[PDB]
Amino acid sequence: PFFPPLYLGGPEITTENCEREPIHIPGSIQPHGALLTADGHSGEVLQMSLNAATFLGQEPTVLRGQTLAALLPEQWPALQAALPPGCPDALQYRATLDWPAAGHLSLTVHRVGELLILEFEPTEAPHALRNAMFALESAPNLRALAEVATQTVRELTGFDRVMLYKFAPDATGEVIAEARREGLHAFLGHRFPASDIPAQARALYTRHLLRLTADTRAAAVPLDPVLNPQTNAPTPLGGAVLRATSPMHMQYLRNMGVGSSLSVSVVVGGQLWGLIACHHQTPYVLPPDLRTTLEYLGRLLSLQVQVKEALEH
């Protein structure tokens, strides 16, 4: 099963109980964005991140009464149609708001049962993706495909280190390709134990295909209330990219000297084949539109891995 989260007086995690930390329900988010939850029917704002006032520019109480209808007039009917009752928690809808306080915000919404989860992040506003797609497809074998993928991602993102991290049948991981800035340790060829990415992290990554820690030293921002009014239970945040990273994994990243981390799942035959894993030495908020490019690349790599593995077997 899972332990209760901390804020419901559950045990603190150790290396004895890696597998039982409820990472999906941390009750908090990373501070480079803001999150609101809301009722599926009424559009009634039920929870907000204590930092919402910053991003939205709204007097705190104003929000926690109001309706999405009021708050987002153009958007609220689109949401209603895009995310019908009963849809999967994996389905997401995005829009760009030109919002008074903040030039442009990206809005990302998904639905978990009766709750809409809304994420707001700063945003903005060429051929590198098309060029990359053809490059991946003409790679002659899996090894070269891995090399092209890591190089392409590094060029698109500027990340200090990009790896392709492949799982063995026992969930031992191996770095099979790597693109990195001069003057970093090489992780190429290294294998790591399955517990470094515990089973409950791997399952969540099979369904929700991108996560990140924008700053490995930033404090999480609580949800208020912490419990969903609807259920008097924790809000599931696993489909939210803003979700606070596990403090165990933040300790892991700091001990490696990483300041920013991001990864994309490569899913083949319904299973987690591996990860595009990225490191930056310093804090780094990759903007939403560039993340989208990596999300596309994730799908394309999933296709090409199967194609390429089929021409060996």
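The first residue of the shown sequence is 1; numbering continues from there.
Where residue 125 is followed by residue 126 in the displayed chain, the model omits 4 to 9 of the deposited residues that sit between the two.
Look at the C-alpha B-factors of 160-168 and of 239-247. On average they run higher in 239-247. Averaged over Cα atoms, the B-factor as recorded in the entry is higher for 68-76 than for the other of 181-189 and 68-76. Of all the options 295, 21, 289, 16, the entry's greatest CA B-factor is assigned to 16. Considering 55, 273, 284, 252 together, the PDB entry gives 55 the largest C-alpha B factor. When all modelled residues of the chain are sorted by CA temperature factor, residue 42 is found within the highest third. Per-chain ranking of the deposited C-alpha B factor places residue 94 in the middle third. Sorting the modelled residues of the chain by their CA temperature factor places residue 232 in the highest third. The PDB entry assigns residue 265 a C-alpha temperature factor belonging to the lowest third of its chain's modelled residues. The deposited CA B-factor of residue 154 belongs to the lowest third of values across its chain.
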